[PDB]
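Take a look at this single chain in structure tokens; it is the form deposited in one PDB entry.
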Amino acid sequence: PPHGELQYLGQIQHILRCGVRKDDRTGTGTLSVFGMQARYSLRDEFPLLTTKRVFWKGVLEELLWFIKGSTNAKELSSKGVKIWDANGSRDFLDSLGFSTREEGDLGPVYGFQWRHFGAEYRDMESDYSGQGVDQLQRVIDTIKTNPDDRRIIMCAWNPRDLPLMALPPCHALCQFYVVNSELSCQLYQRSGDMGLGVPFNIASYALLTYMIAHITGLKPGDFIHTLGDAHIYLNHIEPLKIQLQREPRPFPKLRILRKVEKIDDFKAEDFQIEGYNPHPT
């Protein structure tokens, strides 16, 4: 078997070679490619990239934050993870016109879309219990009842809610798939930062799969990563060039430390990564 990270590095080679120049919303400033797909096996290994360190604590703590259904960036920052803070800033919110929202109010992002799709969004601290659609539970339930179902889909893209978010999700939807008691997951990521973003988004959905496969009593299969606008920022061309030279270490292993039955009962101390020795930045 070849390494799973060799797909990610190969995707960088392609963008560096055949990628064309394209700007984002600020004028920057990228080398882009439209349409990619890589498959990462989760079978007795966890696709946490090794040619550079990945913020696993950020990965883990953000997902639980999503699963909680939280939409307040302060509730995440308390755990020492700051990747969402600047979007709930007391000035950036007014930049989008959201002057009425208090500090932290991202609007109807992932956690709200996952647990309460369709619901009318009030504030961060409003209780949306039983309101909307808990498609995360619908996923877990459907897997338990009809594993053959070709509809196990959790969509975070709500066209009604787009003008109310800090920014539209880079992960439109994910779809789950069960065969031979193996749970597999495909993620559709509309936009991907191969340098900074992408490695984080592989761990995040490999983790979710590991969570659901644990609950539904299945064993993790493949994680399919599908990209739309796969781009490399020009100020990363050289650091990525040197990283391509590095050789992938053996993937670590994600292990759950207690039998968890419900999904909202998962805590950051239930997961342990062992054997993770990445390259130095």
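If you superpose the two forms and keep the largest set of C-alpha atoms that fall within 1.5 Å, you have the rigid core. Residue indices: 1-based, along the sequence shown.
What comes next is about the form deposited in another entry, which is not displayed.
Participant: Listing 164, 133, 140, 153 as candidates, which single one shows a C-alpha movement of 2 Å or greater between this form and the one not shown when the core is held fixed?
Facilitator: The one that shifts is 164.
Participant: Residue 169 to residue 12, Cα distance in the other entry relative to here: closer or farther, by 3 Å or more?
Facilitator: It is farther: the C-alpha separation of residue 169 and residue 12 rises by at least 3 Å in the other entry.
Participant: Would one find the Cα atoms of residue 161 and residue 132 closer or farther in the other entry than in this form, where their distance changes by 3 Å or more?
Facilitator: Those two alpha carbons end up farther apart in the other entry.
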